[PDB]
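In the block that follows, a single chain appears as structure tokens, in the form deposited in one PDB entry.
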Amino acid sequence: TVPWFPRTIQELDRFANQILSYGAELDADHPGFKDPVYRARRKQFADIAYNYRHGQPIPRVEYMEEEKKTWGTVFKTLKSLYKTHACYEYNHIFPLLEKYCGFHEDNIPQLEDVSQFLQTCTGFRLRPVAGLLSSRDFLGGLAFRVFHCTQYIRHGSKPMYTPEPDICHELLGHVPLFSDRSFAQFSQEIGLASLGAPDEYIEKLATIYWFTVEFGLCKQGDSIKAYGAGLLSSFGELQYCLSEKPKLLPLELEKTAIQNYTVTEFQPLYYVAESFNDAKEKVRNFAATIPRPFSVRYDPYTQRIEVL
């Protein structure tokens, strides 16, 4: 019977008791696996997320010198690419993040400050997330313009590599696009489409998410640039996605929704969105095909979903 979904923004608190308990940092393969200090630091951030409740300021954390060093390395190496490789919406907001959110090589921005900045731009807000949420819960938060965001940093031994999202990927990859109004409306439509959808459609929407929010390319006049968070936070793949090597296809959701992808190599193919307004309209149409015995609307005045 129709799977449960949150109907008020506060009900997202129910997700904390629904994450994968045995994290990536526990795999022998993890860059930080043999490091007990790293292991304890990850538990520390996991506890902060576990105890967080909607409405509370997100706890500030004093990052260690080793952690600020890893951030500085990632920030400085990626920043050189944005002006030529990132979509216009990214470069438009980046200077404002540098000025009001402290995006600078010597300092890791605190999530509370970034979340307040996002709220002023598009009403998106962040909440710290312990480990891996199911695709259903993760996509469901988007319906309320809530992005579940990691607060820990990748291990310092391999600054240019992370097998999982970390704070560098959230802040340099995702945050700038959530400041844009059309991208915000587009991400929210994916979220609304997921509410109470059957498991096999959640997987189709998670694939659409992967090919837009994480690895999407934008058409910008006669040029093509990157807006996917996974590209904007990957030095190597960001340069590769705008070269002659990968295959480019127009975003077509009935097609994108079932395309396979790997998470370990550079993507062999990417979908190009005409604009975020257009992608939003395509998602809205795709959502009408999802069998759900009802319709949903978000009411921003009360932060509640209305089930028709």
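Counting begins at 1, following the sequence as shown. Take the two forms, superpose them, and find the largest set of C-alpha atoms that agree within 1.5 Å; that set is the rigid core.
- The mean C-alpha temperature factor is higher for 19-27 when 280-288 and 19-27 are set side by side.
- Between 89-97 and 162-170, the higher mean Cα B-factor belongs to 89-97.
- Comparing C-alpha B-factors across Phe33, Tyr240, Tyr50, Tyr271 in the deposited entry, the largest value falls on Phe33.
- As recorded in the entry, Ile258 carries the highest CA temperature factor of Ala46, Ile58, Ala40, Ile258.
- Ranked against the other modelled residues of its chain, the C-alpha B-factor of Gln110 as given in the entry falls in the lowest third.
- The entry lists a Cα temperature factor for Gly156 that places it in the middle third of the chain's modelled residues.
- Split the chain's modelled residues into thirds by C-alpha temperature factor. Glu254 is in the highest one.
- Ranked within its chain, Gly72 lands in the middle third, by CA B factor from the PDB record.
- Compared with the other modelled residues of the chain, the Cα B-factor recorded for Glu265 ranks in the highest third.
The form deposited in another entry is left out here; the points below concern that form.
- In a core superposition between the shown form and the other one, the Cα of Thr84 is the only one among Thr84, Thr77, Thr120, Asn107 shifting by 2 Å or more.
- If you fit the rigid core between the shown form and the other one, you'll see the Cα of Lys225 move by 2 angstroms or more.
- After superposing the rigid core, the C-alpha of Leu238 moves by 2 Å or more between the shown form and the other one.
- Relative to the superposed core, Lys68 shifts its CA atom by less than 2 Å between the shown form and the other one.
- Put simply, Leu192 and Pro250 spread apart in the other entry: their C-alpha atoms are 3 Å or more farther than in the form shown.
- Inter-residue distance, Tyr152 to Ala24 (Cα): increased by at least 3 Å in the other entry versus the depicted form.
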